[PDB]
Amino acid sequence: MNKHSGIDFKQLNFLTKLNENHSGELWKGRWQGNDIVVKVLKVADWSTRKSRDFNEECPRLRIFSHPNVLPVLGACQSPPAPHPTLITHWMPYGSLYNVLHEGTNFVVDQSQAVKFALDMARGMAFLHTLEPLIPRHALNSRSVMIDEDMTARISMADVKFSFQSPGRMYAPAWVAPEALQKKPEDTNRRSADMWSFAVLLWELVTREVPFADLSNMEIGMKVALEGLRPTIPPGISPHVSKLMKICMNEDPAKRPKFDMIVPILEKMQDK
């Protein structure tokens, strides 16, 4: 039997285009009474093998059991769809990146920033209980969405597929030094993800894009080969400094697990 036929591409209402980039395009749309985004993956040298892989990789993103994980609602198989396509619920505030760096109406306060950190840590702790890990899931501020009640949610629609831009990294500033250089199979993936969270902490503290003045190639090559790191921000609380420093330990084995830092972040909220 064929378990899942996926979502009918013909049923999607494409309203307005939000982006076109190296992956394909992103639209705001509607489907069966849902406000959604539609991610259209435009893949060179599409093949039956890659289409098979898309349909096996997509179900793992359909995670409906944790408030800080944003599931892929479903996917359109290609064929019969024009391109491999995935849909997710529309998050009114966009990405964490948008909220922190492109917010024209308000600046989120630091209590909200701490809550974002807790939300992300809870979602990553849950994802780290999956066996095996979801492959090619990178944590960065573009791959977390902010829902209508300001809940931060890990974006499963931003997990790269096996065929999607292999050999390229468009957000290296969040990637652990070892993960810039070694195959994922030769890295502790959970520890590499904690480095990404440490960079998120830095981002929430500075309200700056990490290494904003450098190109992605410069970032990856200098972090991997020249010991380039974000500078600890000056005059923040010792408690935040110590947390940032241990999550960004040069030794992957010494970085904490997400379920270890969730109680620290809980105690950092307001009584």
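Numbers for residues come from their place in the sequence shown, where the first is 1.
Look at the mean CA B-factor for 261-269 and for 2-10 in the entry; the higher one is 2-10. Stretches 146-154 and 116-124 differ in mean C-alpha B factor, with the higher average recorded for 146-154. Within the selection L70, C58, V40, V240, the deposited Cα B-factor values reach their highest point at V240. Set against one another, the Cα B-factors of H89, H137, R190, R168 in the record reach their highest point at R168. Split the chain's modelled residues into thirds by C-alpha temperature factor. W27 is in the lowest one. The PDB entry assigns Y93 a C-alpha temperature factor belonging to the middle third of its chain's modelled residues. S141 sits in the lowest third of its chain by CA B factor, as recorded in the PDB entry. Remark: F106 belongs to the highest third of its chain, ranked by C-alpha B-factor as recorded. When all modelled residues of the chain are sorted by CA temperature factor, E226 is found within the highest third.
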